[PDB]
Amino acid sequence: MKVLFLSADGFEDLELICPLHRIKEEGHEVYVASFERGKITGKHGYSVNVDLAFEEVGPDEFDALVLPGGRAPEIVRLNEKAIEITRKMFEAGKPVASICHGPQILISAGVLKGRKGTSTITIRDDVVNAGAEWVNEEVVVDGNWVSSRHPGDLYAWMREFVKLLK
């Protein structure tokens, strides 16, 4: 499968890099999109190459979407193209994984009404206001949406997400 990550500077380093490797291990292709090509740098100083700018991405091209946390979602969520990619993939029933602040992008895409999931507890109220049910669990699987809270949950997040990939 072709697996798309949306991110920017200030990502939570582990939430992007450990899944990047986990999904490569399976033999899938992984792409990182952001505002421009180049590299981006996490909260903790790791850097990651960016394959694509948002504007080059066609939603039909990719099979699955990963939304890592950190401070990156706060600025990604303002980008109209990033939102659209997310809306289109989410509503088409493609596997979407989120962790930590990642659901801020889902909130802005307007796709959470009637859905169930989790996030970092510091944005629980925002998730609920977007129309979702929020629960405090290490991983939640609501159809195509696999959600976790924080870096301690990584093993469970990836366990359930990798099942959806074919």
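Residue numbers run from 1 along the displayed sequence.
*Asks:* Once you work out the mean C-alpha B-factor for both 27 to 35 and 125 to 133 from the entry, which is higher?
*Replies:* Stretch with the greater average CA B-factor: 27 to 35.
*Asks:* Hey, which bit's got the bigger mean C-alpha B factor in the entry, 41 to 49 or 98 to 106?
*Replies:* Stretch with the higher mean C-alpha B-factor: 41 to 49.
*Asks:* Determine, from the deposited record, the chain-internal third of the Cα B-factor for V111: lowest, middle or highest.
*Replies:* Middle third.
*Asks:* Would the CA B-factor of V3 place it in the lowest, middle or highest third of its chain?
*Replies:* For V3, the deposited C-alpha B-factor lands in the middle third.
*Asks:* Could you look up the Cα B-factor of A64 in the entry and say which third of the chain it sits in: lowest, middle or highest?
*Replies:* Middle third.
*Asks:* Could you say whether, by C-alpha temperature factor, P19 belongs to the lowest, middle or highest third of its chain?
*Replies:* For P19, whose C-alpha B-factor we compare with every modelled residue in the chain, the answer is the lowest third.
*Asks:* Please rank the C-alpha B-factors of the chain's modelled residues and tell me whether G70 sits in the lowest, middle or highest third.
*Replies:* Its C-alpha B-factor belongs to the lowest third of this chain's values.
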